[PDB]
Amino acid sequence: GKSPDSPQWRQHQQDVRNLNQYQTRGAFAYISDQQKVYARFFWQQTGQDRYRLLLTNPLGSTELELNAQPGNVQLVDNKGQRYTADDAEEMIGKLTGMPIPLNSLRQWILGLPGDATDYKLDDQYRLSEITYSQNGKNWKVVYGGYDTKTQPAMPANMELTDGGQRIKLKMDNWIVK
């Protein structure tokens, strides 16, 4: 599609990186061979290192909440018990049994490529596809629409595939500033 060597792609990244707070909510799906999980999620990020993730099952009951600031990383589970750790990704993986690429996702959910070099853009000069390998995990990210009600526009539908496992994200809407 469009070339990464384009002023509009740089402008889009700039606008996204210039935001100080991001907020979205929607549906989440983790599908592997061992389990198929569904949930609604609330995501809030302030800056590049402070964020909050809230998950509720399809029945409406909250399942867990992850809060993170540099150094302090907290998670509250179904039983309302609070666990602390120093790494959000590791903790999520360990406490839920799912290898969610949280670090990479914090960039990708925003329409940014993170540390990924292999990626493509659509005709609107926005990320459409990413290919990233890290620690034996070759994730294939595919964007399926953006929500242009905000400027800059933010991802509406995302697909992540790591061989046998697949992550699906559906954003209802965004609030940014």
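For every residue, the number given is its place in the sequence shown, counted from 1.
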### Task
Identify the stretch, either 77-85 or 99-107, whose C-alpha atoms have the larger mean B-factor according to the entry.
77-85
### Task
Averaging only over Cα atoms, indicate whether 27-35 or 42-50 has the higher B-factor in the PDB entry.
27-35
### Query
With respect to the C-alpha temperature factors reported in the PDB entry, which of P152, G114, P70, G144 ranks highest?
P70
### Task
Specify which of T161, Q21, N157, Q14 carries the largest Cα B factor in the deposited PDB entry.
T161
### Task
Relative to the other modelled residues of the same chain, rank the CA B-factor of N138 and answer lowest, middle or highest third.
highest
### Task
Ordered by C-alpha B-factor within the chain, which third holds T62? Give me lowest, middle or highest, please.
highest
